[PDB]
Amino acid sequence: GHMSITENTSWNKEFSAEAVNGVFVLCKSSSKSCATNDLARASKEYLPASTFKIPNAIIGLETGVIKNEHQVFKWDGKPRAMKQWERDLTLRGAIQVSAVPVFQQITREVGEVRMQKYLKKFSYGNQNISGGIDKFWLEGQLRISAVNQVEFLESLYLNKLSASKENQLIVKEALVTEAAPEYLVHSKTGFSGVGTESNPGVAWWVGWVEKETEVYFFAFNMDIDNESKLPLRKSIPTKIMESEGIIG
């Protein structure tokens, strides 16, 4: 739509420090004032992984599959991929711990007719849901770029998605990850897998930061072949945001 972005290569110097391939997109106030380290990668589409439980939650609510924000998602006892999902969760709880099975059931209930329509309204990436409605965002064909992520989060922050203001606000509170007087972060992690070295997977961090009267939108992704490199999905963008005076 609109989107003014400048490449800045001095930023590449924290990716090189740790020998990483990835992209950071940072916007001040609006998508009218963005910067990135790599313009080509910024616009390249990757697997969303867990960053998809932002759009997925909104759709849940729009459709009524999620009753409201107080709904509790009961564990059934049948074990799960990780212990920290073995328990009941609130909507917020499940997003924050990235509880795949809750969202799998959301998606089945929602149904591809609906999922397709909403991803159309949201301009979410390539809008390709195909390859099983259970996992298209984990190992299927849906792809989204960092630029597209920033535009989507800006829409959400402003309540301009095609959804009730109500549902947008619910999902926004579920995303808060840091709360201080005059410093608020909304955030979502993602990690597809170590894939292989032929085809490495992707790690994400997306969100936005309110500081005093300013807002910064951001999106970060990096090639990942080694699960121990995963902390970098935070520390690189953190150091970049620090150098700009932001974090602090």
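Numbers for residues come from their place in the sequence shown, where the first is 1.
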property: Higher-scoring stretch by recorded Cα B factor average, 183-191 or 196-204; result: 196-204
property: Residue range whose averaged C-alpha B-factor is higher in the record, 20-28 or 221-229; result: 221-229
property: Out of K83, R143, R92, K172, highest CA B-factor residue; result: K83
property: Which of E139, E154, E166, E178 ranks first by CA B-factor in the deposited coordinates; result: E139
property: Lowest, middle or highest third - CA B-factor, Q105; result: highest
property: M3, C-alpha B-factor rank within chain (lowest, middle or highest third); result: middle
property: Chain thirds of CA B-factor: placement of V72; result: middle
property: Relative C-alpha B-factor of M115, binned into the chain's lowest, middle or highest third; result: highest
property: Lowest, middle or highest third - CA B-factor, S130; result: highest
